[PDB]
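Step one of this worksheet: look at the structure below.
Counting begins at 1 with the first residue of the sequence.
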Amino acid sequence: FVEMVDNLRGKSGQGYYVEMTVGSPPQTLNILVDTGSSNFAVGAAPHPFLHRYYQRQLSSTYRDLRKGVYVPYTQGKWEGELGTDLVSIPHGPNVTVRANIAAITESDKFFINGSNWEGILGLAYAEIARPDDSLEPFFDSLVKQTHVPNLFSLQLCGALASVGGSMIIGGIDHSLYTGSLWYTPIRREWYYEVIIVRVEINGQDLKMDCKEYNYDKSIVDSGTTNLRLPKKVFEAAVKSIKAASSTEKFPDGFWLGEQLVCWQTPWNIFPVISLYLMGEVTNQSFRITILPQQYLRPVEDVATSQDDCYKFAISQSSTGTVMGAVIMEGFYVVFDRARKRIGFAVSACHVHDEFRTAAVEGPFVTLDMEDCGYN
Ligand SMILES: Nc1ccc2cc(-c3ccsc3)ccc2n1
């Protein structure tokens with residue numbers, strides 16, 4: 001897996017991408033790695049923000065599926081033409097597979113003006129593929145057509161500053177993490193859904209009905225930046241973070257992500273956040289702990305300010321909990337599809353000081369963990 005280490009690149013706030021090839025001869029494309037969706041979809045027309053795009057006319061192995069796909073999101077959309085072709089990952093396993101590909105022919109607020117990627121690799125399950133679950137996602141195709149084991153893992157390292165990481169396809173690289181992996185079950189194979197059973201700020205329990213933590217979902221998502229929390233949970237978490245960091249006060253807007261706060265930096269004033277996840281065994285949980293250096297993100301994009309402005313990277317949501325980069329950059333994350341589970345271990349590349357560290361600890365006893373799932 002040494003050939004796969006450090007195969008992820010990107011710019012701060014613009015996602016992680018991996019080099020891929022599509023068609024014959026191979027066409028090189030940078031593709032966003034997204035555990036939050038299930039479509040392999042690439043730009044196929046000269047959108048002026050794109051460095052490169054899939055040219056179907058140049059591929060001898062392209063096959064038309066004679067079907068369109070329309071994908072709206074909250075903000076905008078993407079739209080495309082479904083087909084198949086041969087796909088490779090130059091810094092992945094030495095294999096070539098026939099995969100479904102959405103050729104994107106129209107988009108709005110999908111591509112990022114200024115980024116170095118031209119497509120998306122949805123790593124989640126068939127159930128949330130567009131237009132329906134008959135469209136087999138890339139990873140399913142990879143496992144069916146080769147001996148590549150049914151798992152992948154992600155080390156997202158963070159630092160517009162350049163970001164880096166590793167996607168290890170088909171296994172686990174033990175030098176990307178310290179301590180032991182701890183596994184939480186995949187509750188259902190659609191998103192990577194898991195169950196949060198307890199939340200603490202600075203070891204202080206939030207004491208909420210644990211069903212609020214997973215209302216209506218909790219998911220692991222490499223395609224989101226923030227730790228997103230349901231509004232009711234976010235409201236309590238914010239109140240508790242504010243009380244923990246009394247030493248200095250901040251306007252309501254900052255906590256709401258409506259404005260930035262700037263220095264010329266004190267980490268100790270801010271609390272650690274702990275999430276307890278359902279463990280592998282009846283009545284057993286474990287906890288993941290992140291620092292302010294994960295949830296307080298630098299903004300370098302500030303043109304009207306030559307100070308160190310930060311964004312509060314926890315926000316409200318109506319789609320459930322989203323464990324985004326705020327969480328994932330603390331940990332080596334194993335997506336163990338073979339055994340319907342997700343593993344977490346302290347990341348060897350995570351940003352920390354000399355007083356506190358990201359942590360993965362257990363076992364703990366936690367009763368009635370079933371009840372924390374929304375139905
Ligand atoms: N993990 C995520 C989060 C947000 C996403 C939004 C889009 C999209 C589609 C049409 S416009 C924007 C696609 C994939 C996404 N994956």
Side-chain angles (χ1 to χ4, degrees), residues 35 153 177-221 226-241 243-244 271-291 294-295 314 316-317 319-324 326-347 350 356-375:
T35 66
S153 57
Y177 72 89
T178 68
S180 176
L181 283 160
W182 283 83
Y183 296 90
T184 196
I186 294 159
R187 188 195 179 194
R188 178 161 61 114
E189 293 163 306
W190 59 328
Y191 295 91
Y192 290 95
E193 190 185 358
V194 304
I195 298 182
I196 292 158
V197 306
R198 182 180 168 103
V199 186
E200 294 172 356
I201 274 79
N202 250 4
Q204 217 89 300
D205 189 22
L206 261 47
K207 292 158 203 276
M208 281 187 271
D209 187 321
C210 71
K211 217 168 216 166
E212 312 289 41
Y213 298 142
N214 312 283
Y215 174 54
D216 53 298
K217 250 190 296 147
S218 297
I219 73 169
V220 189
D221 184 16
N226 282 357
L227 199 210
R228 302 176 74 208
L229 299 169
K231 50 212 194 196
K232 224 139 55 219
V233 176
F234 168 87
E235 269 173 350
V238 156
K239 161 149 190 164
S240 188
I241 294 169
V272 304
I273 314 270
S274 277
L275 309 183
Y276 288 68
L277 312 177
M278 172 184 284
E280 298 193 79
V281 166
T282 305
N283 280 6
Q284 172 265 322
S285 73
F286 68 93
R287 76 172 175 218
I288 59 176
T289 309
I290 55 152
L291 313 174
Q294 276 92 225
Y295 70 84
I314 303 154
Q316 337 175 253
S317 165
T319 62
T321 295
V322 182
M323 283 174 252
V326 163
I327 287 293
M328 297 189 74
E329 292 171 349
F331 311 103
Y332 187 60
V333 184
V334 173
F335 294 79
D336 185 347
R337 296 155 62 93
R339 309 187 220 276
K340 293 191 59 165
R341 68 193 189 160
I342 288 158
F344 286 87
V346 174
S347 188
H350 84 94
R356 299 187 294 185
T357 315
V360 184
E361 298 153 331
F364 297 95
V365 171
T366 303
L367 316 181
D368 311 310
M369 286 179 308
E370 302 177 18
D371 296 349
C372 304
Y374 175 87
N375 298 289

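Distance check: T321 OG1 to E212 CD gives 10.5 Å after rounding to the nearest 0.5 Å. One finds the OG atom of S240 at 6.5 Å from the CD atom of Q204 (value rounded to the nearest 0.5 Å). If you take CG on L227 and CE on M328, they are separated by 12.0 Å, rounding to the nearest 0.5 Å. Remark: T366 OG1 to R287 CZ distance equals 10.5 Å, nearest 0.5 Å. Annotation: the span from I290 atom CD1 to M323 atom CE amounts to 11.0 Å, rounded to 0.5 Å.
Residues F335 and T35 meet the side-chain proximity criterion, which asks for heavy atoms closer than 4.5 Å. Between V233 and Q316 the shortest side-chain heavy-atom distance does not fall below 4.5 Å. Here the side chains of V365 and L367 are in contact, with some heavy-atom distance below 4.5 Å. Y213 has its side chain within reach of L206: a pair of non-hydrogen atoms, C-beta onward, lies under 4.5 Å apart. Side chains of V197 and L277 form no contact here, defined as non-hydrogen atoms less than 4.5 Å apart. Side-chain contact between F234 and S317 is absent, with no heavy atoms from C-beta onward closer than 4.5 Å. Side-chain contact between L229 and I314 is present, with at least one heavy-atom pair separated by less than 4.5 Å. Side-chain contact check for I327 versus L275: some heavy-atom pair is nearer than 4.5 Å.
Of the N and O atoms on the side chains of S153 and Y332, at least one donor lies less than 3.5 Å from an acceptor on the other residue. Side-chain contact, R187 with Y192: no donor N or O sits under 3.5 Å from an acceptor N or O.
No side-chain donor-acceptor contact under 3.5 Å links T357 to the backbone of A359. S285 places no side-chain N or O within donor-acceptor distance of the main-chain N or O of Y276, the cut-off being under 3.5 Å. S218 places no side-chain N or O within 3.5 Å of a backbone atom of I195 that could act as its donor or acceptor partner. The backbone N or O of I196 sits less than 3.5 Å from a side-chain atom of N214, completing a donor-acceptor pair. In this structure, the side chain of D336 engages the main chain of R339 through a donor-acceptor pair within 3.5 Å. The main-chain N or O of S274 is never found under 3.5 Å from a side-chain atom of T289 such that the two would form a donor-acceptor pair.
The six-membered or imidazole ring of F364 lies away from that of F286, with a centre-to-centre distance of 6.0 Å or more.
Taking the centre and axis of the six-membered ring of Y374, the NZ or CZ atom of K217 falls outside the cone set by 45° and 6.0 Å.
Annotation for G279 and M369: closest pair N-SD, 4.3 Å, computed over non-hydrogen atoms. The two residues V346 and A358 come nearest to each other via the heavy atoms CG2-O, 3.5 Å. For the pair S180 and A345, the tightest heavy-atom approach, listed with the atom from each and the gap, is O-CB, 3.6 Å. Across all their heavy atoms, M278 and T184 have their closest contact at O-OG1, 2.6 Å. Closest approach of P230 to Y215, counting heavy atoms only: CG-O, 3.4 Å.
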Under the side-chain contact (heavy atoms from CB on, under 4.5 Å) criterion, do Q294 and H350 qualify, and how do the steps go?
CA-CA 9 Å; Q294 276 92 225; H350 84 94; 4.0 Å; yes

What verdict does the side-chain contact (heavy atoms from CB on, under 4.5 Å) test give for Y183 and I342, after you've listed the backbone C-alpha separation in whole Å, the side-chain angles of each residue and the deciding distance to 0.1 Å?
CA-CA 5 Å; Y183 296 90; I342 288 158; over 6 Å; no

I would like to know whether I288 and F331 meet side-chain contact (heavy atoms from CB on, under 4.5 Å); could you show each step before the answer?
CA-CA 9 Å; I288 59 176; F331 311 103; 3.7 Å; yes

Under the criterion side-chain contact (heavy atoms from CB on, under 4.5 Å), I'd like the reasoning laid out for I273 against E200: C-alpha separation, chi angles, the key distance, then a yes or no.
CA-CA 6 Å; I273 314 270; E200 294 172 356; over 6 Å; no

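For the pair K211 and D371, the salt-bridge criterion is not met [side-chain N within less than 4.0 Å of a carboxylate O]. Using a 4.0 Å cut-off between a side-chain N of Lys or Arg and a carboxylate O of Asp or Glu, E280 and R341 qualify as a salt bridge.
In this structure, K207 places its NZ atom where only 12 or fewer heavy-atom neighbours from other residues, nucleotides or ligands lie under 6.0 Å away.
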